[PDB]
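Presented below is the structure to which this report refers.
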Amino acid sequence: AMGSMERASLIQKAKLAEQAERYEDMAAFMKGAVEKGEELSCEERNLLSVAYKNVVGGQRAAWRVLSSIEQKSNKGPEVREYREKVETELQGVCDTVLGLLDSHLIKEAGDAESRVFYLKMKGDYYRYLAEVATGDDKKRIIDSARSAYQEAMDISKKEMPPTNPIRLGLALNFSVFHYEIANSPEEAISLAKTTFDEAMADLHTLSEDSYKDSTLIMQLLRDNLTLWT
Amino acid sequence: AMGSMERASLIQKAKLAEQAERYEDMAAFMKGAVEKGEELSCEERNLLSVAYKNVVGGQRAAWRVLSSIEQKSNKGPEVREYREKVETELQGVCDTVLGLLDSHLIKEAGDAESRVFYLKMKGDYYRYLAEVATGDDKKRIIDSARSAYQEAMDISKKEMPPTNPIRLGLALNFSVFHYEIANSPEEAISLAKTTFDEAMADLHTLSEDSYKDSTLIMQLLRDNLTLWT
Amino acid sequence: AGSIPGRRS
Amino acid sequence: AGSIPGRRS
Ligand SMILES: *Cc1ccc(S(=O)(=O)N(C)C2CCOCC2)cc1
Ligand SMILES: *Cc1ccc(S(=O)(=O)N(C)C2CCOCC2)cc1
Ligand SMILES: [Cl-]
Ligand SMILES: [Cl-]
């Protein structure tokens, strides 16, 4: 839909859409920018991720409200029908993001920072599919999330310092996957503890600004560990 | 789009959409319910109004962000282009609501409570059009809002007690019209003061629950008067 | 200057 | 259990 707009204009409008809290627009502008075919810079990757996390974040919040009402109900078909409609729209957004990563962001991503970023996104969007999956492919959806997070993890440990914010956020989200999706709370706790401790030991190497960036995400790891232990 | 869904199902889904904070859906369900052709009950009128106020409230907030950036800019065509896109979408929602009132909610509304409610909505949605109007029809848009609020006011004073929440909210919104759209701050202040004082003098007639309802809106009148004086 | 919130009820 | 907010930046 955005094929007649300049790449730079799509990026500019995505930033304006963020300021205006118009995340659906923001996502459509960044989809348009990806479909131009060029690789994305670090900032552009963040705009793509923020746009879709907000969109799918609202859908997930709505799905959880409707799923809760429906569980207390089982009235009429309406609560299930509406939960299903929201679910299909959420699945469609996750399929769109996965499609962008598959065509062709991941295969063109050769630096560790970009490749880890996109594989973490792939794990996250399969994770959102898994949250609403029930049937024949649910086990396969979970494995698809696991596989993406694991490849990202293997690259990040080889190529990034333990305080790198992407590496830290990948481990945080993979630990959530283990706790909430994989029914592996001990794997979740071990991953969060080891990630936290290895970052702590590397903070001495950092500037004041980078210290602030890494410690912010470390505190999210600590908040989870406090809830889980 | 909702012609194959039962009226009662549309109402039920609108309430679920409110709980899930899906106001675009909520508005589409209530539009579907209006287009069934029956009059709306008090509760159904509130669902229609809440849905559209939320939708147009988000568009207005986004328009004000973009208009502010654009005023500081006058860079490229992008900020104006995007502000225009948001404006056209806001205008389209206001035209939709005005169309529902015109076809045929107002003409079928014979009780004072329903007629005042819909005329206040008509004044509000012309007011939102006026906030973004510039050109040949702007004066006419302002007069259309004024005319709708004034007819509502004439009915409300004749048929409702001074503490009725609709009468109170109509006067609040008409005073905002005077202050923000009509460049008549003295008319705004006089209307808010007279409305407040006449409600105060009628509170003795009310039950505890109705007292809470009227005093809530009276406090909004007082907050404006504090800002304007 | 605030109008009726009117965003819940 | 909270994941990366990731809703602003
Ligand atoms: C998964 C992920 C994405 C982006 C980052 S970041 O380096 O841009 N950064 C430090 C985050 C920004 C948003 O708030 C949390 C930190 C990290 C991890
Ligand atoms: C314009 C308007 C609409 C609805 C009402 S109300 O009677 O339903 N009510 C008291 C309001 C509900 C939402 O919060 C403010 C009060 C009054 C006025
Ligand atoms: Cl490359
Ligand atoms: Cl009638």
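Please read every residue number as a count from 1 along the shown chain.
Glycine is treated like the rest: Cβ placed from N, Cα and C.
Non-local neighbours of the expression tag (B:1-4) in the same chain are 10, 28-29, 31-33, 35; each lies 6+ residues outside the stretch with a CB under 8 Å from one of its CB atoms. Annotated expression tag per the PDB entry: B:1-4, in sequence order.
Annotation source Swiss-Prot lists phosphoserine at B:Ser9, citing a large-scale study or a structure entry. If you take the C-beta of B:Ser9 (phosphoserine) and look for same-chain residues 6 or more apart in sequence within under 8 angstroms, you find none.
Under the heading site 'Interaction with phosphoserine on interacting protein', Swiss-Prot lists B:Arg60 (among others). In the three-state DSSP scheme, B:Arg60 (site 'Interaction with phosphoserine on interacting protein') is classed as helix. The Cβ neighbour count for B:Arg60 (site 'Interaction with phosphoserine on interacting protein'), using a 10 Å radius and every protein chain shown, is 17.
Per Swiss-Prot, the feature site 'Interaction with phosphoserine on interacting protein' maps to B:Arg127 (among others). Non-local neighbourhood of B:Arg127 (site 'Interaction with phosphoserine on interacting protein'): B:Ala145, B:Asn173, B:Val176, B:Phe177, B:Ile181, each in the same chain, at least six residues away, with C-beta under 8 Å from its C-beta.
Of the deposited chain, 6 residues are missing between B:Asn74 and B:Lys75, and the straight-line Cα distance between those two residues is 9 Å. Using a CB-CB cutoff of under 8 Å against chain A, the recorded positions that qualify from B:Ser9, B:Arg60, B:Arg127 are B:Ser9.
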